[PDB]
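Heads up, the thing below is written out as structure tokens.
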Amino acid sequence: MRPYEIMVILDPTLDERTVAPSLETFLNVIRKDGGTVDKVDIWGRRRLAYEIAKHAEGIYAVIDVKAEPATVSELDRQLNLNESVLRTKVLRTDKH
Amino acid sequence: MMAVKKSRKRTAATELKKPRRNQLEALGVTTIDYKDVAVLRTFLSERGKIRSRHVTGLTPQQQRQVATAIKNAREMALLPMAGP
Amino acid sequence: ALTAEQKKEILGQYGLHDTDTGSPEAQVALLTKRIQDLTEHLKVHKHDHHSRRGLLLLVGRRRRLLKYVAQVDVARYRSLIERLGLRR
Amino acid sequence: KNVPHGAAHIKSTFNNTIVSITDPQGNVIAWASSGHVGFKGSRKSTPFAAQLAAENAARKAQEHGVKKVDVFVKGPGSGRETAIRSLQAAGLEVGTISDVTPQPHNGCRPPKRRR
RNA sequence: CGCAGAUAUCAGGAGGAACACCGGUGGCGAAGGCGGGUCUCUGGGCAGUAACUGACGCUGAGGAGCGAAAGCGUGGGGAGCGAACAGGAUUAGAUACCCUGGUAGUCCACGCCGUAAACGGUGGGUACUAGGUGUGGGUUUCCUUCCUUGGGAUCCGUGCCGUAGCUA
């Protein structure tokens, strides 16, 4: 299947104690499609370049999914419709 | 010890100079993403604009992936653009 | 798009032997695959003129090959047409 | 009321120059302009007119209780640095200096060419 | 336009086109022409091996298809710009350049027309025919640290100088 580098930014009102599973709740839908080996990092509370909705910092995270395009676009649809994300983005790890 | 050019004492050296420089590929650079702000911001001006190849030294391949990652970084706000 | 395994399929079925690549039969089969795939692309993307030009070119070379094959032997020409289901 | 420190917005263009004071929050206290000093027409782009405008606005600021002032300069200014020097003479401490000039990232269309 | 509280300034919100630096004798495309970013679908191009088929090639009357901007039709949308139009102003008079306002139109979808300084003003294709010169792409031996506009040699694409030769 295809690899990606899904970036996500969330509000600081959440907490590190609860960051990781919030992603997992979404990611399970991919996990039950392709045995999708994931390699996830969490680093937040980082100052931004410019305020989004009166926020100085955000919660960064990098979810290296190895899955299919339908599934990643569906995941993006879910992530954006969620009420907490400030932003998100999906770069392809392969040549394009 | 020697001139900047015409130094037949040594091998034709692997040196970078005022006209010539190949700054990403050669050294000082780990991996080319928007996520690594520190390697990227070195290739900018003081005020947030972007440098030129004829001053830096890069090839268009390298300069354009640089610009790409810079611009993605500006959209994820890792790196500043200029605004009030 | 045309993957190496699709190429393996075509070169195994219509390819004379498991190695030939330049033969008219194999080349026509690959081009016909490519052309039906691209036609289905155009069903949706109606304005991809840069792709329709490539289509016309590949069709040109395909008719060239069919015509060469007919010059050589009409038997193999028509048997190829019959096997691919094509009309011309 | 009264305020000890503020900023000063200095809009300098081809046909006029208006220099106002403000708190750092954006609320203005007293402003002055080149046509308001008395000049008229095209007389009010020369930097002497900006000296005069900045002078009156700074003395109003003193009358309100301002001592230290930032500066935010905006536009093509015949008398930018003229105005700044006259401000710094007429009873003010120039804290911070900036070139805040609104540039668009190739946005809306500009008008045509003149002749 | 204001004096009914403008311009200026500051927070928020609405909005719809164009993407500063990267960006240039610079890349892609047959040509027109193409640059905010990410994804998806697709196309041609160059190089290396040159395994493979064995002259299938070149052109092309007609014909079909593509084709800037303006203009046409139906719907939506319209911030800025702006023909027409209105007013001020210079003027011999100014239906014009200047200023202030501003409609269609420019914008998206889908059907049209089929024109341009659509210009390298050089139709296409193949080969021979001094070099020097930057610059882009991929191979590769030599000084090799072997990290390099290293240099050499080959392939393609690109701009300047220059003999023969050609030209009014």
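Laboratory data are not the source of any read-out in this text; all were calculated from the coordinates shown. Neighbour counts are summed over all protein chains in view; Cβ atoms, including those assigned to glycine, are modelled from backbone coordinates with ideal geometry.
Numerical summary
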{"read-out": "Inter-residue pairs, beta-carbon under 6 Å, first away from every other protein chain (no Cβ under 14 Å) and over 24 Å from D:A58 (Cβ atoms) and in the stretch D:94-115, second more than 6 Å from RNA strand E (Cβ to nearest atom) and assigned to a loop (DSSP other than H, G, I, E, B), 6+ apart", "value": "none"}
{"read-out": "Entirely in the stretch D:26-115, the helices (runs of 4 or more DSSP H) that have 1 or more residues that are under 10 Å from the mean Cα position of the chain (by Cα), closer than 19 Å to D:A8 by Cα and of a type in the set (V, I, T)", "value": "D:80-89"}
{"read-out": "Residue list for the stretch D:5-21, filter: without any contact (Cβ under 8 Å) to a residue 40 or more places away in the chain and farther than 12 Å from D:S34 by Cβ", "value": "D:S20"}
{"read-out": "Boolean, B:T11 is free of Cβ contacts under 8 Å to residues at least 12 places away in the same chain, part of a loop (DSSP other than H, G, I, E, B), more than 14 Å from chain A (Cβ to nearest Cβ) and polar (S, T, N, Q)", "value": "yes"}
{"read-out": "Looking only at the stretch C:1-38, and only at residues there that are within 8 Å of RNA strand E (Cβ to nearest atom), assigned to a helix (DSSP H, G or I) and under 18 Å from C:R53 (Cα atoms), the one that is nearest to the chain's Cα centre (by Cα)", "value": "C:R34"}
{"read-out": "Pick from the stretch C:39-72, criterion among the hydroxyl-bearing types (S, T, Y) and within 16 Å of C:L86 (Cβ to Cβ), ranking: farthest from RNA strand E (Cβ to nearest atom)", "value": "C:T39"}
{"read-out": "Residue in the stretch D:23-40 that is polar (S, T, N, Q), surrounded by fewer than 16 Cβ atoms within 10 Å (Cβ to Cβ) and touching a residue at least 60 places away in the same chain (Cβ under 8 Å) present", "value": "no"}
{"read-out": "Candidates B:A38, B:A69 - the one that is buried (at least 18 other Cβ atoms within 10 Å of the Cβ) and assigned to a helix (DSSP H, G or I)", "value": "B:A69"}
{"read-out": "Pairs, first under 19 Å from A:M1 (Cα atoms) and more than 6 Å from RNA strand E (Cβ to nearest atom) in the stretch A:85-96, second part of a strand (DSSP E or B) and of a type in the set (D, E), C-beta under 6 Å, six or more apart", "value": "A:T93/A:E5"}
